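**Q** One structure, pasted below without further comment.
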Amino acid sequence: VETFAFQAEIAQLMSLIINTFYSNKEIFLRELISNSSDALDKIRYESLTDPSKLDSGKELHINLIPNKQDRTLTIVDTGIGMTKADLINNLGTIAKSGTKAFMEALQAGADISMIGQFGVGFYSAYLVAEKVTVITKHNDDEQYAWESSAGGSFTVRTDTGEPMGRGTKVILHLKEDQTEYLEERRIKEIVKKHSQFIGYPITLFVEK
Ligand SMILES: CC1(C)CC(=O)c2c(C(F)(F)F)nn(-c3ccc(C(N)=O)c(N[C@H]4CC[C@H](O)CC4)c3)c2C1
């Protein structure tokens, strides 16, 4: 397990998201599903010139898995997944420009629901989550586990749990006062009003 510091701009963005009073928190799910949809676009597009990239799984879908007892909401896709370089450097590098630009806008008057147009929608997960775990598998790399409870640091480590084949699992350890996002009626309402035009099956896993 390696520990890394966030870039100052990203760390600043996370502090803002965690400690700003913002009631329209449900937008986190639209942003995470948009991330999955982009990941699925990319693997499908690349498979058009190299069909062997789908040997790790041909189905392209998004699963939403709430867990009331663990107080976790998990978003699973079979998209392209992320490499070690993605998790530690490349995505952060791209995010720096959008993050800084996003924090300017937050002072021009723009509100938090706009985070998506800056390419940094993933970090909206910290509106509802005290800790975020990302399990991801790219065709050209091993399975890795990313985790952060904000505070300016994050960890990456090789994962040894069950293999995923290919794709990304985002595990939101929900805050105490945010368990409404574990209710199936609530999840269905958010999906239908923010993400009804996603080009892949979105499946809600009902708890038994
Ligand atoms: C690396 C992170 C842990 C922290 C991060 O900063 C970040 C960001 C960023 F804010 F930079 F935009 N985005 N982001 C993230 C999170 C889930 C996914 C998905 N569900 O696959 C994702 N998709 C691909 C889509 C196609 C791209 O070619 C590569 C990514 C990206 C993360 C996860």
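If you're wondering about the labels, chains in the structure tokens are A, B, ... by order shown, residues count from 1 in each chain, ligands from 1 in order shown.
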Neighbours of residue 56 of chain A within 9 Å (only C-alpha atoms; same-chain residues fewer than 6 positions away dropped), as a list in words?
**A**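 With the cut-off at 9 Å, the set is residues 139, 164, 165 and 166 of chain A.
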**Q** So that I can see what lies close to residue 127 of chain A, please list as a list in words the residues with an atom at most 10 Å from it, counting only C-alpha atoms and leaving out residues fewer than 2 positions away in the same chain.
**A**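 With the cut-off at 10 Å, the set is residues 14, 16, 17, 18, 19, 20, 21, 22, 23, 24, 25, 26, 27, 28, 123, 124, 125, 129, 130, 174, 175 and 178 of chain A.
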**Q** Counting only C-alpha atoms, what is within 10 Å of residue 60 of chain A, bar same-chain residues fewer than 6 positions away, as a VMD selection string?
**A** chain A and resid 36 to 37 39 to 41 43 to 44 54 77 to 80 167 199 to 202
**Q** For those residues, write C-alpha atoms to a file as a PDB file, in the first residue's frame.
**A**
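Below is the file that was written, out_21.pdb:
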ATOM      1  CA  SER A  36     -19.050   4.795 -16.202  1.00  0.00           C
ATOM      2  CA  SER A  37     -20.760   5.733 -19.479  1.00  0.00           C
ATOM      3  CA  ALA A  39     -15.575   4.298 -19.685  1.00  0.00           C
ATOM      4  CA  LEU A  40     -17.960   2.056 -21.622  1.00  0.00           C
ATOM      5  CA  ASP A  41     -17.826   4.295 -24.699  1.00  0.00           C
ATOM      6  CA  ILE A  43     -13.769   0.252 -24.466  1.00  0.00           C
ATOM      7  CA  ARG A  44     -16.476  -0.188 -27.108  1.00  0.00           C
ATOM      8  CA  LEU A  54     -13.325  -7.523 -25.230  1.00  0.00           C
ATOM      9  CA  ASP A  77     -19.327  -0.868 -14.816  1.00  0.00           C
ATOM     10  CA  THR A  78     -17.518  -3.043 -17.346  1.00  0.00           C
ATOM     11  CA  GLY A  79     -15.836  -0.075 -19.019  1.00  0.00           C
ATOM     12  CA  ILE A  80     -12.189   0.324 -19.976  1.00  0.00           C
ATOM     13  CA  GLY A 167     -14.029  -2.318 -15.464  1.00  0.00           C
ATOM     14  CA  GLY A 199     -26.446   4.295 -23.774  1.00  0.00           C
ATOM     15  CA  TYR A 200     -25.985   1.186 -21.633  1.00  0.00           C
ATOM     16  CA  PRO A 201     -28.211  -0.882 -19.325  1.00  0.00           C
ATOM     17  CA  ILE A 202     -28.361   0.526 -15.797  1.00  0.00           C
TER      18      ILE A 202
END
**Q** Of the candidates A:15, A:195, A:3, A:136, which shows the shortest atom-to-atom distance to ligand 1, using only C-alpha atoms and all ligand atoms?
**A**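 For ligand 1, the nearest of the candidates is A:136.
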**Q** Could you check the closest approach to residue 154 of chain A for each of A:114, A:51, A:106, A:88 and tell me which residue wins, using only C-alpha atoms?
**A**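 Nearest candidate to residue 154 of chain A out of A:114, A:51, A:106, A:88: A:88.
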**Q** At a cut-off of 10 Å, using only C-alpha atoms, what residues contact residue 33 of chain A? Leave out same-chain residues fewer than 6 positions from it and give the result as number ranges by chain.
**A** A: 39, 62-64, 75-77, 121-122, 191, 194-195, 198, 202
**Q** How would the residues just chosen look if you wrote them out with N, CA, C and O atoms as a JSON list (two decimals), in the first residue's frame?
**A**
[["chain", "number", "residue", "atom", "x", "y", "z"],
["A", 39, "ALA", "N", -16.46, 5.46, -19.70],
["A", 39, "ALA", "CA", -15.58, 4.30, -19.69],
["A", 39, "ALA", "C", -16.07, 3.22, -20.64],
["A", 39, "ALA", "O", -15.27, 2.54, -21.29],
["A", 62, "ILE", "N", -23.96, -1.11, -16.49],
["A", 62, "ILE", "CA", -23.74, -0.41, -15.23],
["A", 62, "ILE", "C", -24.67, -1.01, -14.19],
["A", 62, "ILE", "O", -25.88, -1.09, -14.42],
["A", 63, "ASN", "N", -24.12, -1.43, -13.06],
["A", 63, "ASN", "CA", -24.91, -1.96, -11.96],
["A", 63, "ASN", "C", -24.79, -1.06, -10.75],
["A", 63, "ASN", "O", -23.69, -0.62, -10.39],
["A", 64, "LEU", "N", -25.93, -0.79, -10.12],
["A", 64, "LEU", "CA", -26.00, -0.01, -8.88],
["A", 64, "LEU", "C", -26.38, -0.97, -7.76],
["A", 64, "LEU", "O", -27.40, -1.66, -7.85],
["A", 75, "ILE", "N", -21.20, 1.40, -7.40],
["A", 75, "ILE", "CA", -21.48, 1.57, -8.83],
["A", 75, "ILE", "C", -20.44, 0.75, -9.59],
["A", 75, "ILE", "O", -19.24, 1.03, -9.51],
["A", 76, "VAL", "N", -20.91, -0.25, -10.34],
["A", 76, "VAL", "CA", -20.04, -1.16, -11.09],
["A", 76, "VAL", "C", -20.31, -0.99, -12.58],
["A", 76, "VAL", "O", -21.47, -1.00, -13.02],
["A", 77, "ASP", "N", -19.24, -0.84, -13.36],
["A", 77, "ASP", "CA", -19.33, -0.87, -14.82],
["A", 77, "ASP", "C", -18.30, -1.85, -15.36],
["A", 77, "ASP", "O", -17.34, -2.22, -14.68],
["A", 121, "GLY", "N", -16.39, 15.38, -12.18],
["A", 121, "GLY", "CA", -17.60, 14.97, -11.50],
["A", 121, "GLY", "C", -17.39, 13.86, -10.48],
["A", 121, "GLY", "O", -18.17, 13.74, -9.53],
["A", 122, "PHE", "N", -16.36, 13.03, -10.67],
["A", 122, "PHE", "CA", -16.11, 11.93, -9.74],
["A", 122, "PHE", "C", -16.07, 12.42, -8.30],
["A", 122, "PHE", "O", -16.60, 11.77, -7.39],
["A", 191, "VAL", "N", -32.04, 8.21, -11.04],
["A", 191, "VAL", "CA", -31.63, 7.68, -12.34],
["A", 191, "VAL", "C", -32.55, 8.19, -13.44],
["A", 191, "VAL", "O", -32.09, 8.61, -14.51],
["A", 194, "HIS", "N", -31.96, 12.16, -14.02],
["A", 194, "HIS", "CA", -30.64, 12.66, -14.39],
["A", 194, "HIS", "C", -29.95, 11.84, -15.47],
["A", 194, "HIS", "O", -29.11, 12.38, -16.18],
["A", 195, "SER", "N", -30.30, 10.56, -15.62],
["A", 195, "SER", "CA", -29.52, 9.64, -16.44],
["A", 195, "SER", "C", -30.39, 8.75, -17.32],
["A", 195, "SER", "O", -30.01, 7.61, -17.61],
["A", 198, "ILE", "N", -28.65, 7.32, -20.96],
["A", 198, "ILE", "CA", -27.37, 6.62, -20.93],
["A", 198, "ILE", "C", -27.47, 5.47, -21.92],
["A", 198, "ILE", "O", -28.50, 4.79, -22.00],
["A", 202, "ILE", "N", -28.59, 0.21, -17.20],
["A", 202, "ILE", "CA", -28.36, 0.53, -15.80],
["A", 202, "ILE", "C", -29.29, -0.37, -14.99],
["A", 202, "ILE", "O", -30.52, -0.28, -15.14]]
**Q** Set the distance at 9 Å and use only C-alpha atoms: which residues neighbour residue 156 of chain A once local chain neighbours fewer than 2 positions away are removed? I'd like the list as a PyMOL selection string.
**A** chain A and resi 1-4+84+87-88+144-147+154+158
**Q** Looking only at strand (DSSP E) from DSSP on the backbone, list the matching residues of segment 52-150 of chain A as a list in words.
**A** residues 62, 63, 64, 65, 66, 67, 72, 73, 74, 75, 76, 77, 129, 130, 131, 132, 133, 134, 135, 136, 137, 144, 145, 146, 147 and 148 of chain A
**Q** For the residues in that selection, give me N, CA, C and O atoms as a CSV table (one decimal), in the first residue's frame.
**A**
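Contents of part_31.csv, freshly written:
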chain,number,residue,atom,x,y,z
A,62,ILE,N,-24.0,-1.1,-16.5
A,62,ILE,CA,-23.7,-0.4,-15.2
A,62,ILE,C,-24.7,-1.0,-14.2
A,62,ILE,O,-25.9,-1.1,-14.4
A,63,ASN,N,-24.1,-1.4,-13.1
A,63,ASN,CA,-24.9,-2.0,-12.0
A,63,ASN,C,-24.8,-1.1,-10.7
A,63,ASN,O,-23.7,-0.6,-10.4
A,64,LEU,N,-25.9,-0.8,-10.1
A,64,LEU,CA,-26.0,0.0,-8.9
A,64,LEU,C,-26.4,-1.0,-7.8
A,64,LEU,O,-27.4,-1.7,-7.9
A,65,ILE,N,-25.6,-1.0,-6.7
A,65,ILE,CA,-25.7,-2.0,-5.7
A,65,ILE,C,-25.7,-1.3,-4.3
A,65,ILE,O,-24.6,-1.1,-3.7
A,66,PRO,N,-26.9,-1.0,-3.7
A,66,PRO,CA,-26.9,-0.5,-2.4
A,66,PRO,C,-26.9,-1.6,-1.3
A,66,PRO,O,-27.3,-2.7,-1.5
A,67,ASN,N,-26.2,-1.3,-0.2
A,67,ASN,CA,-26.0,-2.2,0.9
A,67,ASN,C,-26.4,-1.5,2.2
A,67,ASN,O,-25.5,-0.7,2.7
A,72,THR,N,-23.1,1.1,2.3
A,72,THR,CA,-22.4,1.4,1.1
A,72,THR,C,-23.3,1.4,-0.2
A,72,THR,O,-24.2,0.6,-0.2
A,73,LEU,N,-23.0,2.3,-1.1
A,73,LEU,CA,-23.6,2.3,-2.4
A,73,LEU,C,-22.4,2.1,-3.4
A,73,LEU,O,-21.5,2.8,-3.4
A,74,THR,N,-22.6,1.0,-4.2
A,74,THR,CA,-21.5,0.6,-5.1
A,74,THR,C,-22.0,0.8,-6.6
A,74,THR,O,-23.1,0.3,-6.9
A,75,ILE,N,-21.2,1.4,-7.4
A,75,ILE,CA,-21.5,1.6,-8.8
A,75,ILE,C,-20.4,0.8,-9.6
A,75,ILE,O,-19.2,1.0,-9.5
A,76,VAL,N,-20.9,-0.2,-10.3
A,76,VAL,CA,-20.0,-1.2,-11.1
A,76,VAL,C,-20.3,-1.0,-12.6
A,76,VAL,O,-21.5,-1.0,-13.0
A,77,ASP,N,-19.2,-0.8,-13.4
A,77,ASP,CA,-19.3,-0.9,-14.8
A,77,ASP,C,-18.3,-1.8,-15.4
A,77,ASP,O,-17.3,-2.2,-14.7
A,129,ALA,N,-20.4,10.7,0.6
A,129,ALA,CA,-19.5,9.6,1.1
A,129,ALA,C,-18.4,10.2,2.0
A,129,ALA,O,-17.8,11.2,1.7
A,130,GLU,N,-18.2,9.5,3.2
A,130,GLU,CA,-17.0,9.8,4.0
A,130,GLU,C,-15.8,9.2,3.5
A,130,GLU,O,-14.7,9.7,3.7
A,131,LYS,N,-15.9,8.1,2.8
A,131,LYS,CA,-14.7,7.4,2.2
A,131,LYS,C,-15.2,6.8,0.9
A,131,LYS,O,-16.3,6.3,0.7
A,132,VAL,N,-14.3,6.8,-0.1
A,132,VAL,CA,-14.5,6.3,-1.5
A,132,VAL,C,-13.4,5.3,-1.8
A,132,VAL,O,-12.3,5.6,-1.6
A,133,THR,N,-13.9,4.1,-2.2
A,133,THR,CA,-13.0,3.0,-2.6
A,133,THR,C,-13.3,2.8,-4.1
A,133,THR,O,-14.4,2.5,-4.5
A,134,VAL,N,-12.2,2.8,-4.9
A,134,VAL,CA,-12.3,2.5,-6.3
A,134,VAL,C,-11.5,1.2,-6.6
A,134,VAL,O,-10.3,1.2,-6.4
A,135,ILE,N,-12.2,0.2,-7.1
A,135,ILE,CA,-11.5,-1.1,-7.6
A,135,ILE,C,-11.6,-1.1,-9.1
A,135,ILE,O,-12.7,-1.0,-9.6
A,136,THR,N,-10.5,-1.2,-9.8
A,136,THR,CA,-10.5,-1.0,-11.2
A,136,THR,C,-9.5,-2.0,-11.9
A,136,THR,O,-8.5,-2.4,-11.3
A,137,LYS,N,-9.8,-2.4,-13.1
A,137,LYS,CA,-9.0,-3.3,-13.9
A,137,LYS,C,-9.0,-2.9,-15.3
A,137,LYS,O,-10.1,-2.9,-16.0
A,144,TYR,N,-6.2,-2.9,-9.3
A,144,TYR,CA,-5.8,-1.9,-8.2
A,144,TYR,C,-6.9,-1.5,-7.4
A,144,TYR,O,-8.1,-1.5,-7.8
A,145,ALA,N,-6.6,-1.0,-6.2
A,145,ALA,CA,-7.6,-0.5,-5.2
A,145,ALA,C,-7.1,0.9,-4.9
A,145,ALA,O,-6.1,1.1,-4.3
A,146,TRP,N,-8.0,1.9,-5.2
A,146,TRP,CA,-7.8,3.3,-4.8
A,146,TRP,C,-8.7,3.6,-3.7
A,146,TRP,O,-9.8,3.2,-3.7
A,147,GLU,N,-8.2,4.4,-2.7
A,147,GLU,CA,-9.1,4.8,-1.6
A,147,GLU,C,-8.7,6.1,-1.0
A,147,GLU,O,-7.5,6.5,-1.0
A,148,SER,N,-9.7,6.9,-0.6
A,148,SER,CA,-9.5,8.2,0.0
A,148,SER,C,-10.6,8.5,0.9
A,148,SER,O,-11.8,8.4,0.5
**Q** Step one, run DSSP on the backbone; step two, keep only residues of segment 62-181 of chain A assigned to alpha helix (DSSP H); then write them as a list in words.
**A** residues 84, 85, 91, 92, 93, 94, 95, 96, 97, 98, 99, 100, 101, 102, 103, 104, 105, 106, 107 and 108 of chain A
**Q** For atom CA of residue 95 of chain A and atom CA of residue 192 of chain A, determine how far apart the two atoms are, in Å to one decimal place.
**A** 27.9 Å
**Q** Between atom 23 (N, counted along the ligand's line) of ligand 1 and atom CA of residue 82 of chain A, what distance in Å does the model show, to one decimal?
**A**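 That distance, rounded to one decimal, is 7.0 Å.
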**Q** Would you work out the distance separating atom CA of residue 205 of chain A from atom CA of residue 188 of chain A, expressed in Å to one decimal?
**A**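 Between atom CA of residue 205 of chain A and atom CA of residue 188 of chain A the gap works out to 10.9 Å.
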**Q** Check the smallest atom-to-atom distance from each of A:29, A:169, A:119, A:6 to residue 186 of chain A using only C-alpha atoms, then report the winner.
**A**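 Of A:29, A:169, A:119, A:6, the one nearest residue 186 of chain A is A:29, counting only C-alpha atoms.
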**Q** Between A:126, A:120, A:85, A:162, which is the closest to residue 140 of chain A once you count only C-alpha atoms?
**A**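 Smallest distance to residue 140 of chain A is found for A:85.
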